[PDB]
>>> print(open('entry.pdb').read())   # PDB, C-alpha atoms and all ligand atoms
ATOM      1  CA  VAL A   1      46.823  23.335 -26.846  1.00  0.00           C
ATOM      2  CA  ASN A   2      50.511  23.465 -25.882  1.00  0.00           C
ATOM      3  CA  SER A   3      52.837  25.920 -24.115  1.00  0.00           C
ATOM      4  CA  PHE A   4      54.993  27.331 -27.036  1.00  0.00           C
ATOM      5  CA  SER A   5      54.418  31.054 -27.193  1.00  0.00           C
ATOM      6  CA  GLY A   6      55.162  33.723 -29.742  1.00  0.00           C
ATOM      7  CA  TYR A   7      55.596  31.490 -32.790  1.00  0.00           C
ATOM      8  CA  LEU A   8      54.663  32.452 -36.325  1.00  0.00           C
ATOM      9  CA  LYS A   9      52.624  29.724 -38.024  1.00  0.00           C
ATOM     10  CA  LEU A  10      54.149  28.738 -41.359  1.00  0.00           C
ATOM     11  CA  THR A  11      52.010  25.791 -42.256  1.00  0.00           C
ATOM     12  CA  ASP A  12      49.475  23.475 -40.677  1.00  0.00           C
ATOM     13  CA  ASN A  13      52.243  21.906 -38.574  1.00  0.00           C
ATOM     14  CA  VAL A  14      55.383  24.111 -38.731  1.00  0.00           C
ATOM     15  CA  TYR A  15      55.956  27.152 -36.515  1.00  0.00           C
ATOM     16  CA  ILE A  16      58.964  29.384 -36.218  1.00  0.00           C
ATOM     17  CA  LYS A  17      60.361  31.850 -33.712  1.00  0.00           C
ATOM     18  CA  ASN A  18      63.478  33.984 -33.281  1.00  0.00           C
ATOM     19  CA  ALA A  19      64.709  32.359 -30.087  1.00  0.00           C
ATOM     20  CA  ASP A  20      67.663  30.742 -28.373  1.00  0.00           C
ATOM     21  CA  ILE A  21      66.749  27.039 -28.311  1.00  0.00           C
ATOM     22  CA  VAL A  22      68.491  26.658 -24.933  1.00  0.00           C
ATOM     23  CA  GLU A  23      66.365  29.387 -23.353  1.00  0.00           C
ATOM     24  CA  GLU A  24      63.240  28.114 -25.083  1.00  0.00           C
ATOM     25  CA  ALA A  25      63.817  24.566 -23.818  1.00  0.00           C
ATOM     26  CA  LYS A  26      64.452  25.738 -20.249  1.00  0.00           C
ATOM     27  CA  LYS A  27      61.213  27.720 -20.253  1.00  0.00           C
ATOM     28  CA  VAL A  28      59.097  25.371 -22.163  1.00  0.00           C
ATOM     29  CA  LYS A  29      60.472  21.986 -20.886  1.00  0.00           C
ATOM     30  CA  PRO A  30      59.237  20.381 -24.106  1.00  0.00           C
ATOM     31  CA  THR A  31      58.768  16.648 -24.380  1.00  0.00           C
ATOM     32  CA  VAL A  32      61.409  16.603 -27.155  1.00  0.00           C
ATOM     33  CA  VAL A  33      64.216  19.008 -27.987  1.00  0.00           C
ATOM     34  CA  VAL A  34      66.176  18.226 -31.160  1.00  0.00           C
ATOM     35  CA  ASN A  35      69.950  18.453 -31.134  1.00  0.00           C
ATOM     36  CA  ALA A  36      71.935  19.164 -34.299  1.00  0.00           C
ATOM     37  CA  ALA A  37      74.248  16.239 -33.622  1.00  0.00           C
ATOM     38  CA  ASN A  38      77.164  14.654 -35.435  1.00  0.00           C
ATOM     39  CA  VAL A  39      77.622  10.895 -35.770  1.00  0.00           C
ATOM     40  CA  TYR A  40      80.031  10.787 -32.805  1.00  0.00           C
ATOM     41  CA  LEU A  41      77.711  12.799 -30.532  1.00  0.00           C
ATOM     42  CA  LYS A  42      80.623  15.163 -29.844  1.00  0.00           C
ATOM     43  CA  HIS A  43      78.757  18.286 -28.754  1.00  0.00           C
ATOM     44  CA  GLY A  44      81.473  20.848 -29.292  1.00  0.00           C
ATOM     45  CA  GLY A  45      79.821  23.858 -30.883  1.00  0.00           C
ATOM     46  CA  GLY A  46      76.797  25.252 -32.600  1.00  0.00           C
ATOM     47  CA  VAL A  47      73.459  24.137 -31.211  1.00  0.00           C
ATOM     48  CA  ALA A  48      74.992  20.958 -29.774  1.00  0.00           C
ATOM     49  CA  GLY A  49      77.712  22.778 -27.882  1.00  0.00           C
ATOM     50  CA  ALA A  50      75.139  25.195 -26.469  1.00  0.00           C
ATOM     51  CA  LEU A  51      72.671  22.486 -25.416  1.00  0.00           C
ATOM     52  CA  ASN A  52      75.426  20.428 -23.833  1.00  0.00           C
ATOM     53  CA  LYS A  53      76.831  23.435 -21.952  1.00  0.00           C
ATOM     54  CA  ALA A  54      73.355  24.131 -20.546  1.00  0.00           C
ATOM     55  CA  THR A  55      73.309  20.593 -19.128  1.00  0.00           C
ATOM     56  CA  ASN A  56      76.707  21.156 -17.420  1.00  0.00           C
ATOM     57  CA  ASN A  57      78.239  18.503 -19.761  1.00  0.00           C
ATOM     58  CA  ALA A  58      75.800  15.784 -18.643  1.00  0.00           C
ATOM     59  CA  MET A  59      74.615  15.459 -22.246  1.00  0.00           C
ATOM     60  CA  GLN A  60      78.193  14.705 -23.339  1.00  0.00           C
ATOM     61  CA  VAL A  61      78.722  12.150 -20.556  1.00  0.00           C
ATOM     62  CA  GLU A  62      75.529  10.314 -21.511  1.00  0.00           C
ATOM     63  CA  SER A  63      76.436  10.535 -25.199  1.00  0.00           C
ATOM     64  CA  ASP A  64      79.899   9.063 -24.687  1.00  0.00           C
ATOM     65  CA  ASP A  65      78.374   6.045 -22.952  1.00  0.00           C
ATOM     66  CA  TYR A  66      75.869   5.702 -25.838  1.00  0.00           C
ATOM     67  CA  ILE A  67      78.657   5.681 -28.447  1.00  0.00           C
ATOM     68  CA  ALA A  68      80.813   3.295 -26.437  1.00  0.00           C
ATOM     69  CA  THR A  69      77.901   0.827 -26.443  1.00  0.00           C
ATOM     70  CA  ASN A  70      76.378   1.390 -29.898  1.00  0.00           C
ATOM     71  CA  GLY A  71      78.998   3.005 -32.126  1.00  0.00           C
ATOM     72  CA  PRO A  72      78.379   6.073 -34.257  1.00  0.00           C
ATOM     73  CA  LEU A  73      75.095   7.156 -35.723  1.00  0.00           C
ATOM     74  CA  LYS A  74      74.473   7.304 -39.477  1.00  0.00           C
ATOM     75  CA  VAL A  75      74.300  10.623 -41.290  1.00  0.00           C
ATOM     76  CA  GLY A  76      70.544  11.074 -41.596  1.00  0.00           C
ATOM     77  CA  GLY A  77      69.977   9.037 -38.428  1.00  0.00           C
ATOM     78  CA  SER A  78      69.059   9.773 -34.838  1.00  0.00           C
ATOM     79  CA  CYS A  79      68.864   8.488 -31.308  1.00  0.00           C
ATOM     80  CA  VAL A  80      66.708   9.400 -28.321  1.00  0.00           C
ATOM     81  CA  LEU A  81      68.559  10.227 -25.116  1.00  0.00           C
ATOM     82  CA  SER A  82      67.734  12.190 -21.982  1.00  0.00           C
ATOM     83  CA  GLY A  83      66.725  15.840 -22.208  1.00  0.00           C
ATOM     84  CA  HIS A  84      68.456  16.486 -18.862  1.00  0.00           C
ATOM     85  CA  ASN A  85      67.342  19.872 -17.468  1.00  0.00           C
ATOM     86  CA  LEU A  86      66.122  21.088 -20.867  1.00  0.00           C
ATOM     87  CA  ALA A  87      63.392  18.633 -21.975  1.00  0.00           C
ATOM     88  CA  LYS A  88      62.060  15.175 -21.231  1.00  0.00           C
ATOM     89  CA  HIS A  89      64.004  13.743 -24.180  1.00  0.00           C
ATOM     90  CA  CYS A  90      66.652  14.921 -26.605  1.00  0.00           C
ATOM     91  CA  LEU A  91      66.366  13.622 -30.156  1.00  0.00           C
ATOM     92  CA  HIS A  92      69.932  13.770 -31.502  1.00  0.00           C
ATOM     93  CA  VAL A  93      69.554  14.062 -35.285  1.00  0.00           C
ATOM     94  CA  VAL A  94      72.492  14.017 -37.724  1.00  0.00           C
ATOM     95  CA  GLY A  95      71.968  16.215 -40.741  1.00  0.00           C
ATOM     96  CA  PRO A  96      74.623  16.184 -43.455  1.00  0.00           C
ATOM     97  CA  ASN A  97      77.544  18.548 -42.837  1.00  0.00           C
ATOM     98  CA  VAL A  98      78.376  20.336 -46.107  1.00  0.00           C
ATOM     99  CA  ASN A  99      81.710  21.391 -44.552  1.00  0.00           C
ATOM    100  CA  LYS A 100      82.486  17.637 -44.524  1.00  0.00           C
ATOM    101  CA  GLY A 101      81.190  17.034 -48.062  1.00  0.00           C
ATOM    102  CA  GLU A 102      78.127  15.047 -46.999  1.00  0.00           C
ATOM    103  CA  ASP A 103      75.267  14.545 -49.421  1.00  0.00           C
ATOM    104  CA  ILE A 104      72.592  17.154 -48.958  1.00  0.00           C
ATOM    105  CA  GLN A 105      69.871  14.756 -50.057  1.00  0.00           C
ATOM    106  CA  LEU A 106      70.386  13.092 -46.669  1.00  0.00           C
ATOM    107  CA  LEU A 107      68.699  16.163 -45.178  1.00  0.00           C
ATOM    108  CA  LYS A 108      65.255  14.749 -45.978  1.00  0.00           C
ATOM    109  CA  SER A 109      66.148  11.473 -44.228  1.00  0.00           C
ATOM    110  CA  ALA A 110      67.320  13.467 -41.205  1.00  0.00           C
ATOM    111  CA  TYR A 111      64.017  15.359 -40.969  1.00  0.00           C
ATOM    112  CA  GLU A 112      62.060  12.075 -41.266  1.00  0.00           C
ATOM    113  CA  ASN A 113      63.218  11.259 -37.726  1.00  0.00           C
ATOM    114  CA  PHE A 114      60.993  14.093 -36.488  1.00  0.00           C
ATOM    115  CA  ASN A 115      57.875  12.173 -37.609  1.00  0.00           C
ATOM    116  CA  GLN A 116      58.367   9.685 -34.773  1.00  0.00           C
ATOM    117  CA  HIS A 117      57.454  12.452 -32.264  1.00  0.00           C
ATOM    118  CA  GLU A 118      54.140  14.282 -32.012  1.00  0.00           C
ATOM    119  CA  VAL A 119      55.639  17.650 -30.989  1.00  0.00           C
ATOM    120  CA  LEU A 120      59.244  18.900 -31.087  1.00  0.00           C
ATOM    121  CA  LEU A 121      61.306  22.002 -30.391  1.00  0.00           C
ATOM    122  CA  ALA A 122      64.027  21.980 -32.990  1.00  0.00           C
ATOM    123  CA  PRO A 123      66.690  23.927 -34.843  1.00  0.00           C
ATOM    124  CA  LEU A 124      66.957  23.949 -38.606  1.00  0.00           C
ATOM    125  CA  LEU A 125      68.931  20.833 -39.468  1.00  0.00           C
ATOM    126  CA  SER A 126      72.241  21.282 -41.280  1.00  0.00           C
ATOM    127  CA  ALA A 127      72.076  25.077 -40.752  1.00  0.00           C
ATOM    128  CA  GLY A 128      74.697  27.117 -38.904  1.00  0.00           C
ATOM    129  CA  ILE A 129      78.107  25.454 -38.715  1.00  0.00           C
ATOM    130  CA  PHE A 130      76.793  22.458 -40.689  1.00  0.00           C
ATOM    131  CA  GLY A 131      77.009  24.691 -43.756  1.00  0.00           C
ATOM    132  CA  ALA A 132      73.686  24.178 -45.548  1.00  0.00           C
ATOM    133  CA  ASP A 133      71.416  26.960 -46.754  1.00  0.00           C
ATOM    134  CA  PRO A 134      68.858  27.526 -43.958  1.00  0.00           C
ATOM    135  CA  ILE A 135      66.183  28.496 -46.514  1.00  0.00           C
ATOM    136  CA  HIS A 136      66.611  25.076 -48.245  1.00  0.00           C
ATOM    137  CA  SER A 137      66.571  23.396 -44.851  1.00  0.00           C
ATOM    138  CA  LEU A 138      63.286  25.115 -43.993  1.00  0.00           C
ATOM    139  CA  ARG A 139      61.771  23.969 -47.297  1.00  0.00           C
ATOM    140  CA  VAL A 140      62.802  20.349 -46.672  1.00  0.00           C
ATOM    141  CA  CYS A 141      61.446  20.599 -43.120  1.00  0.00           C
ATOM    142  CA  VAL A 142      58.044  21.840 -44.302  1.00  0.00           C
ATOM    143  CA  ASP A 143      57.903  19.222 -47.062  1.00  0.00           C
ATOM    144  CA  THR A 144      58.996  16.295 -44.847  1.00  0.00           C
ATOM    145  CA  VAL A 145      57.847  16.751 -41.259  1.00  0.00           C
ATOM    146  CA  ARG A 146      54.186  15.984 -40.634  1.00  0.00           C
ATOM    147  CA  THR A 147      54.246  16.247 -36.832  1.00  0.00           C
ATOM    148  CA  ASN A 148      54.166  19.569 -34.984  1.00  0.00           C
ATOM    149  CA  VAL A 149      57.537  21.296 -35.100  1.00  0.00           C
ATOM    150  CA  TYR A 150      58.473  24.458 -33.276  1.00  0.00           C
ATOM    151  CA  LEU A 151      61.598  25.855 -34.902  1.00  0.00           C
ATOM    152  CA  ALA A 152      63.923  28.116 -32.928  1.00  0.00           C
ATOM    153  CA  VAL A 153      66.159  30.352 -35.040  1.00  0.00           C
ATOM    154  CA  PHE A 154      68.890  32.036 -33.008  1.00  0.00           C
ATOM    155  CA  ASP A 155      69.824  34.782 -35.490  1.00  0.00           C
ATOM    156  CA  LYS A 156      67.222  37.541 -35.819  1.00  0.00           C
ATOM    157  CA  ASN A 157      68.504  38.577 -39.252  1.00  0.00           C
ATOM    158  CA  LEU A 158      68.184  34.991 -40.473  1.00  0.00           C
ATOM    159  CA  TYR A 159      64.749  34.566 -38.895  1.00  0.00           C
ATOM    160  CA  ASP A 160      63.421  37.609 -40.764  1.00  0.00           C
ATOM    161  CA  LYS A 161      64.918  36.372 -44.040  1.00  0.00           C
ATOM    162  CA  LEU A 162      63.489  32.898 -43.666  1.00  0.00           C
ATOM    163  CA  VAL A 163      60.054  34.417 -43.028  1.00  0.00           C
ATOM    164  CA  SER A 164      60.220  36.962 -45.842  1.00  0.00           C
ATOM    165  CA  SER A 165      61.341  34.376 -48.424  1.00  0.00           C
ATOM    166  CA  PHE A 166      59.001  31.573 -47.319  1.00  0.00           C
ATOM    167  CA  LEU A 167      56.735  30.237 -50.040  1.00  0.00           C
TER     168      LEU A 167
HETATM  169  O1  LIG A 201      74.604  27.555 -34.029  1.00  0.00           O
HETATM  170  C1  LIG A 201      73.545  27.602 -33.507  1.00  0.00           C
HETATM  171  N1  LIG A 201      72.306  27.340 -34.214  1.00  0.00           N
HETATM  172  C2  LIG A 201      72.241  26.970 -35.597  1.00  0.00           C
HETATM  173  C3  LIG A 201      72.953  25.666 -35.989  1.00  0.00           C
HETATM  174  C4  LIG A 201      74.182  25.128 -35.604  1.00  0.00           C
HETATM  175  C5  LIG A 201      74.580  23.916 -36.128  1.00  0.00           C
HETATM  176  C6  LIG A 201      73.760  23.254 -37.031  1.00  0.00           C
HETATM  177  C7  LIG A 201      72.538  23.778 -37.424  1.00  0.00           C
HETATM  178  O2  LIG A 201      71.729  23.087 -38.338  1.00  0.00           O
HETATM  179  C8  LIG A 201      72.138  25.001 -36.900  1.00  0.00           C
HETATM  180  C9  LIG A 201      70.862  25.831 -37.139  1.00  0.00           C
HETATM  181  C10 LIG A 201      70.794  26.680 -35.889  1.00  0.00           C
HETATM  182  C11 LIG A 201      70.053  27.994 -36.106  1.00  0.00           C
HETATM  183  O3  LIG A 201      70.000  28.516 -37.254  1.00  0.00           O
HETATM  184  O4  LIG A 201      69.493  28.560 -35.133  1.00  0.00           O
HETATM  185  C12 LIG A 201      73.401  28.039 -32.063  1.00  0.00           C
HETATM  186  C13 LIG A 201      72.158  28.009 -31.432  1.00  0.00           C
HETATM  187  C14 LIG A 201      72.026  28.444 -30.127  1.00  0.00           C
HETATM  188  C15 LIG A 201      73.147  28.921 -29.459  1.00  0.00           C
HETATM  189  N2  LIG A 201      73.338  29.409 -28.233  1.00  0.00           N
HETATM  190  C16 LIG A 201      74.596  29.742 -28.094  1.00  0.00           C
HETATM  191  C17 LIG A 201      75.203  30.323 -26.821  1.00  0.00           C
HETATM  192  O5  LIG A 201      76.454  30.883 -27.112  1.00  0.00           O
HETATM  193  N3  LIG A 201      75.231  29.479 -29.214  1.00  0.00           N
HETATM  194  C18 LIG A 201      74.365  28.967 -30.088  1.00  0.00           C
HETATM  195  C19 LIG A 201      74.509  28.524 -31.400  1.00  0.00           C
END
>>> encode(input="entry.pdb", output="structure tokens", more="lines below")
Ligand SMILES: O=C(N[C@H]1c2cccc(O)c2C[C@@H]1C(=O)O)c1ccc2[nH]c(CO)nc2c1
Amino acid sequence: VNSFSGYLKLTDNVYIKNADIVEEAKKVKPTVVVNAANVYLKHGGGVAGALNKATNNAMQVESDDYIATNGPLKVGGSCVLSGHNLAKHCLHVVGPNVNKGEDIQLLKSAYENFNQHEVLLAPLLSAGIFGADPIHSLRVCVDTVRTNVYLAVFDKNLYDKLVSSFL
């Protein structure tokens, strides 16, 4: 038993809710919140900009030190950093950005990072400003992630569509 409330159960291990991931993290304090990161950990907009704003830019400060030490992530890769006031940990995961021409097949590799964590609050990778089809992203998520994933979908209209078209 865990504290996520109001989710619709899609599969054995995937749940989904129309929610603001920032508000969900602050209420739930999950062990892991997933950020829709880029390779530079520049949290300017979309989910990343919202999560970072909620941390009063502490996420960005920590991220800049990470990059200065380690260099950029790989597309499809991830790193674990602090969750600040939102979660114990933040798993920064880089899905391919279609608006940068990145290979969509890397989406499966990106979701594989979730399997290193028993339970996660997460957005749909490569959705929103990353330019992928959220329905495809949901399919890859369901077919790749084996751990328990609680997906927060900000847009109500999109949430309903994802549910209604789910196979
Ligand atoms: O853009 C946002 N989320 C979408 C996104 C973005 C980039 C890559 C992605 O893969 C996805 C998928 C994610 C989604 O479909 O839910 C977002 C989420 C919460 C927000 N809270 C505020 C306050 O103003 N702005 C927000 C923006």
>>> residues_around(input="entry.pdb", residues="region 38-46 of chain A", least_positions_apart="5", cutoff="7 Å", atoms="only C-alpha atoms", output="ChimeraX atom specification")
/A:52,60,63,67,72-75,94,128-129
>>> closest_residue(input="entry.pdb", among="A:127, A:92, A:120, A:85", to="residue 155 (chain A)", atoms="only C-alpha atoms")
A:127
>>> atom_distance(input="entry.pdb", atom1="CA of residue 161 (chain A)", atom2="CA of residue 25 (chain A)")
23.4 Å
>>> closest_residue(input="entry.pdb", among="A:109, A:116, A:35, A:69", to="ligand LIG 201 (chain A)", atoms="all atoms listed in the file")
A:35
>>> residues_around(input="entry.pdb", residues="residue 162 (chain A)", least_positions_apart="5", cutoff="12 Å", atoms="all atoms listed in the file", output="PyMOL selection string")
chain A and resi 8+10+15-18+124+127+133-139+151-157+167
>>> closest_residue(input="entry.pdb", among="A:13, A:159, A:78, A:149", to="ligand LIG 201 (chain A)", atoms="all atoms listed in the file")
A:159
>>> atom_distance(input="entry.pdb", atom1="CA of residue 23 (chain A)", atom2="CA of residue 1 (chain A)")
20.8 Å
>>> closest_residue(input="entry.pdb", among="A:111, A:142, A:150, A:57", to="residue 24 (chain A)", atoms="all atoms listed in the file")
A:150
